[PDB]
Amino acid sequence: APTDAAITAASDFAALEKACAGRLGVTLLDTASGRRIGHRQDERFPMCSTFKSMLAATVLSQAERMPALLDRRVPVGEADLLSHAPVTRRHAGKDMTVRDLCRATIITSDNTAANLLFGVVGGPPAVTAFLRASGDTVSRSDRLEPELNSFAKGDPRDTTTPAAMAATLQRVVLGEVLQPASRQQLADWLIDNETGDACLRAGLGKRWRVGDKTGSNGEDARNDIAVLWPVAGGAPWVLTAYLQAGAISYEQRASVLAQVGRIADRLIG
């Protein structure tokens, strides 16, 4: 109870970090001005599943120079299946389109779909090369599922920073890294995400149309990265949130991310 009350009472990111005895990295980015507010914006955190947003972007980018790549069918083998494979588990022994694998990995965070897409694009090195070409010198993809979700202090594999990921979401989901139809498809997948109802979305008011991608690991990490489109029109905002908080429960980590959303909504005003 005391921890829950301290989380609810926190009105700024530093106080919220203290309330959960964690390490919290947040960037709130105004795309009209480039202005950012946050906490630990340039510290490294494990991407965990949040990298899947950029794996899908790498696929879409490759499809712009490989006609019909999105329609290519990829076998789903029994040996490819992992514990978290909510969509691909139904297709073991048959195949799925690249496009449907992308959707599955964004909106359900399907780990098998991510590994199959890694095989399509050329692995973590291809995702990192896409990130670098897009202008992100910080974020890096190094490993496959599920090993990529590990984190060690000082080990930069599969990490980002809140500010690097916020800028990348702007360039890729809103900017000109991808062709318009490609970026719109990616935006739609993020808008359709099914795993974030208790995270940033739970703290953001109805004035925002939200697209997001979550992530977590079993030790202490819980993340959510989001694009906020004002339903009334105007410039979008980007909100990234990376948390490590081993002293609280998985469900309390969601509460922290929801509180990030409530604080951010108030700061936008």
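The first residue of the shown sequence is 1; numbering continues from there.
In this entry, the higher average B-factor at the C-alpha atoms falls on 147-155, of the pair 147-155 and 179-187. Annotation for 66-74 versus 207-215: the higher mean temperature factor (C-alpha) is found in 66-74. Per the deposited record, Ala21 carries the highest C-alpha B-factor of all listed residues (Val260, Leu24, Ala21, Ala254).
Per the deposited record, the Cα B-factor of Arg44 falls in the lowest third when ranked against the other modelled residues of its chain.
Among the modelled residues of its chain, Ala232 has a C-alpha B-factor that falls in the highest third, as given in the PDB entry.
Among the modelled residues of its chain, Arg36 has a C-alpha B-factor that falls in the middle third according to the deposited record. When the modelled residues of the chain are ordered by their C-alpha B factor, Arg132 lands in the highest third. In the deposited entry, the Cα temperature factor of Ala126 sits in the top third of values across the chain's modelled residues.
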